[PDB]
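Student: Handing you a structure now.
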Amino acid sequence: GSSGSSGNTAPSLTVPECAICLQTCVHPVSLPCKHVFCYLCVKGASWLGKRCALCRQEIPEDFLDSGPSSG
Ligand SMILES: [Zn+2]
Ligand SMILES: [Zn+2]
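Taking the numbering used here, the leading residue of the sequence shown gets 1, the next gets one more, and so forth.
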């Protein structure tokens, strides 16, 4: 069925910047706090632990870990 939908609806076709490493966001992830960061910088950065860097909005484990191992 329908499984796997990410923020596609975009006014342009480019990659935004990051507010954690200060460089092109390799993986722009729309956080529940209305922000964008590298899927890696959010999953676990050097100075980050399951929490935004701009607003520090607690991120739910489900955010990254969604759905059972096997579908
Ligand atoms: Zn980053
Ligand atoms: Zn935030």
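No residue lacks a Cβ here, since even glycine has one placed at the ideal position from N, Cα and C.
Quick one: residues in its chain with C-beta nearer than 8 angstroms to the C-beta of residue 70, no 5 flanking neighbours on either side, listed in chain order?
Tutor: So the list is empty, once near-sequence residues are dropped.
Student: Got a sec: does ligand 2 put a non-hydrogen atom nearer than 6 angstroms to the Cβ of residue 31?
Tutor: Flag set: Cβ of residue 31 near ligand 2.
Student: Ordered along the chain, which non-local residues of its own chain (more than five positions away) have a Cβ less than 8 angstroms from that of residue 3?
Tutor: Answer for residue 3: 67, 71, listed in chain order.
Student: Would you tell me roughly how many angstroms separate the C-alpha atoms of residue 26 and residue 64, rounded to the nearest one?
Tutor: Using only the alpha carbons, I get a separation of about 16 angstroms.
Student: In the DSSP assignment, find the beta strand (DSSP E) that holds residue 31 and state where it starts and stops.
Tutor: Note, residue 31: beta strand (DSSP E), 28-31.
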